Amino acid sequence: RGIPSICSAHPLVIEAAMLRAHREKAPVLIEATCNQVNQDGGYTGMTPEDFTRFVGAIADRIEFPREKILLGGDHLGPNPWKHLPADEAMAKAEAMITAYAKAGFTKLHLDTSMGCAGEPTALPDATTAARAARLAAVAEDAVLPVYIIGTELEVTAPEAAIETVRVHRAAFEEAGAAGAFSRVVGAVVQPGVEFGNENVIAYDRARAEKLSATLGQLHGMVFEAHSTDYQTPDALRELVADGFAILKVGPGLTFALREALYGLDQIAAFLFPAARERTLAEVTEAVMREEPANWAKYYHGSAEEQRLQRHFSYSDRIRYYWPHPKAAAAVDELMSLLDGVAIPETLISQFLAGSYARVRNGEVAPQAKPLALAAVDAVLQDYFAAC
C-alpha cells in the first residue's frame, strides 16, 4: 500500500476522488496549500474551516462518510507572506498552522525552506529546520497529526535526504517538539519526475535506487513525491513499490476535467448550435486573456504559442479560472443545456473517446456530469491501482 494525494480545489474532482475511494473501499486524502487556504482567506476566500465544510458538503451530496475523509495541508509555512520580514512572516505561519490544526487537518507538510526577504532564497538547513520545529510545536499546542518535511532534470541526493531528517530531528528536540517528530511520517524528495508544457519525463527506477535505499535508515518514514501528474500507470506502480509512497496529483486531475468539459462543449455546439451566445472555450479564452496573473509566468513566446498553451498545456494553469464568475457561469450554461440529454455514443466516441469503452460496457452513463466524473476517474483509477 501507498496513498494517493489529491490537491485539487475543484468540487467535481473532489466528488470524483471520493467516489473512487468508496470503490476502493479505503479513505481519501484531500490536500490544500498554504497559499490556497489560510486564516486570511488565501486566494480562494477560504479559511481552513471554510475548506473543511466545503469538502463536507460534497461528501453529503453523495453519502460519503466524513470519517473516511482525510485532510492535508501542503507547503505550510512562511510562503504566502515571504515578501515580509521573517519574524512577521513566521508569525503568520504560526496563526495559520493553528487554524489548520483546530480545523481537523491531520496531514501537515512543514516547508520552511524559503527565504523571507531578504534572506537567501533557499535558507540554510538549520534555519529551515528550526522554523519547521517552531510550527510543529505550535501545532501540538493547539491539539493526531502526522508531518511531512522537505521541499521541491533533478533527482534528490541520498545524502541530503538523510541529512534533512538529521537536522530536523536535532532542531525538534532543541525545540522540545520531540513528540511531534515521532509522527513525522515522510519527506518531500525529487525522485526524477518532471512534466513540461507538452512533454512528460518518466520515472527512471535506475536513477532513483540510491535515493530509494536511504529509506532503510529512515524508520517509520516514506517518501512523498510531488508532480506525479501525467505519469504512466506503470511508472505510478514502480514509484510506490520503491517507497515514494505518497503521490501528489493535482493538475493531471483538472487537466482531464477540462478535456471532458471541452468535449462536452463541442458536443453542445454541434447538437445545439443556437442555444449559446458564446462557447465554453470562447469564454475561457477571454477570461484568461483579461486576467493573465495566473498564467503569465508560465506560458511564453508568440501570441499563437500562448493561445495553444492557455488551453492545452500540462501546467494546466486554466485551473485557477474555473472559479472566475464569467467562466463558472459558462460551465453552468453548458452543464444545464445538457441536463437530461442522453448523448449518443457516436459523439462520445469522437469527442470523449476515453469514455467510449466504458459507455459501451454500461459502466458510465452517457450524460454530461457522469462523463465529466468519468474523465477524472480514469486518472484516479491509476493512482489507486498503484495503491
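Start at 1 and count along the sequence shown; that's the residue number.
In this entry, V143 and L144 are separated by 4 to 9 residues of the deposited sequence that lack coordinates.
According to the entry, the stretch of the deposited sequence that connects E152 to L153 contains 10 or more residues lacking coordinates, which leaves a long gap in the model. Higher average CA B factor: 216-224, of the stretches 216-224 and 292-300.
Checked against the record, the higher mean CA B factor of 59-67 and 340-348 lies with 59-67.
Comparing the listed residues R207, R307, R317, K107, the entry records the largest Cα B-factor for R207. In this structure the maximum Cα B-factor among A202, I246, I267, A99 is found at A202. Ranked against the other modelled residues of its chain, the C-alpha B-factor of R53 as given in the entry falls in the highest third. In the PDB entry, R166 places in the highest third of its chain by CA B-factor. Among all modelled residues in this chain, the alpha-carbon of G77 has a temperature factor (C-alpha) in the lowest third. When the modelled residues of the chain are ordered by their C-alpha B factor, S355 lands in the lowest third.
Among the modelled residues of the chain, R131 sits in the lowest third by CA temperature factor in this PDB entry.
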